[PDB]
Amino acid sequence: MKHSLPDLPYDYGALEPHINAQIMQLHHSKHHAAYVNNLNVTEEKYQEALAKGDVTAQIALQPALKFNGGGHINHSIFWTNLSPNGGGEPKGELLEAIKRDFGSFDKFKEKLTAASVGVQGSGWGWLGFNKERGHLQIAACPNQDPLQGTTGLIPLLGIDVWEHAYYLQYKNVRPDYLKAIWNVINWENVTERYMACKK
């Protein structure tokens, strides 16, 4: 078992004009590719350190493991959260949960937007599921810190607000990017992730 770069499930230009082909190609073929390759490198070092009982060396590898590991986890989810067939609103039980937990779909969108706009530096906004409480929850994460690994929330929808996710097209104006991304959210996927949490 090595970790592998998943293929993007649509063409690089499939999200235009919301997210351009240049961004999608760099983001997938350069950024994600680097995280998974560097993850495998870090994991092999960690296995060596673990088998030798070298605790210092394990601890020294944690930043790279969290960063590259998180990068792989986060982007793998992100690509499935987007789709040319996306946008609009979810339906069914997910929609019911959104209304119940956030008041309305628009109030939810404002809350996830606010979380995403509010990241200072690099990071992600998330809609997650709190297994303990049995309800939806919004959280922000710095850098590539992954949601489940660092908070326990099960990821449903992630919004990447690293500058590489938007800068070529939207420059400094992160809010223009967050307005555009709502048009390509794959609610079919977010719904599947939500229904997998409930039983």
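Residue indices: 1-based, along the sequence shown.
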{"property": "Which of 51-59 and 152-160 has higher mean CA B factor, as the PDB entry lists it", "result": "51-59"}
{"property": "Higher-scoring stretch by recorded Cα B factor average, 92-100 or 113-121", "result": "92-100"}
{"property": "Modelled-residue ranking by C-alpha temperature factor, third containing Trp126", "result": "lowest"}
{"property": "CA B-factor placement of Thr80, once the chain's modelled residues are sorted into thirds", "result": "lowest"}
{"property": "Chain thirds of CA B-factor: placement of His27", "result": "lowest"}
{"property": "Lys171, C-alpha B-factor rank within chain (lowest, middle or highest third)", "result": "middle"}
